[PDB]
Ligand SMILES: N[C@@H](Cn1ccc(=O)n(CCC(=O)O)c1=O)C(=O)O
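Only one chain is given next, in structure tokens, and it is the form solved without this ligand.
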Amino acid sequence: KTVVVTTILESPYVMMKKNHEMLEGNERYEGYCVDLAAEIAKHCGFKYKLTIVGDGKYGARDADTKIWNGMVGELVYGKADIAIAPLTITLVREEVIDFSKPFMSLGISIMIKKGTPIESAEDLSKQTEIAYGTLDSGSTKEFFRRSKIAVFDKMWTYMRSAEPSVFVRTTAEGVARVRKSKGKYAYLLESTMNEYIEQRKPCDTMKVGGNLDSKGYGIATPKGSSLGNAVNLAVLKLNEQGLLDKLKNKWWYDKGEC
């Protein structure tokens, strides 16, 4: 049967083509994950249909209702057969879905408006003039919520109680907030996204400091899936053949605007 792929609209991973209204099916999209999906499918030998996750979330369990949302939920409840997106491999998720070895390595990072007097997480934690937040509902937020490290716990204490909310619905919302903040808002996001935005006009943001942690994105499938084994071997083969590195250059720097 045709494999149902769930993904999310997050540049430069998945994006609508300028003339998508004129195209059909998979041809409507373009991006790092669109290219990767095509390759994984060829190497595993299956036909697929790309679908954008209904609720636009990555995946979190609701304490109380115990229901999983986002791409993770689509896999858990059988709405999708595989997820190809910048989905962070985490312990809680690994407990309900399967992940291939990572196709990209990254870490949480700090995005500032150029000129902002901030160079580290410690800098953010020791002051209050500059507000900071993260994407809401993702692994970055959870990182801070669960951290037992002094600096990060101190950061979470501030963020969870800040008003108005310092959290954002989407990356684009986070970046727009930094750009219009006049330097009074710093955004905490995954390094890969930070590096991408730094190469986009108006070229007014920059990544500062080292990453706060280290982790990776993996291709996910429902537990016990027939595709799990093959997809994992495909990711390793594609990394060993240099495809992954080629794709990142293609979508990050080959198209740089700064």
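Just count from 1 along the sequence shown to find any residue number.
What comes next is about the form solved in complex with this ligand, which does not appear here.
In summary, the binding site of this form is blocked: after superposition of the surrounding C-alphas, this ligand from its pose in the deposited complex has 3 or more atoms within 2.4 Å of backbone or C-beta atoms. Contact annotation for the candidate site: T6, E39 and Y48 all lie away from this ligand in the deposited complex (no heavy atom within 4.5 Å). Only one segment in the set 220 to 228, 39 to 47, 23 to 31, 190 to 198 has any non-hydrogen atom within 4.5 angstroms of this ligand in the deposited complex, and it is 190 to 198. Contact check for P86: a non-hydrogen atom falls within 4.5 Å of this ligand in the deposited complex.
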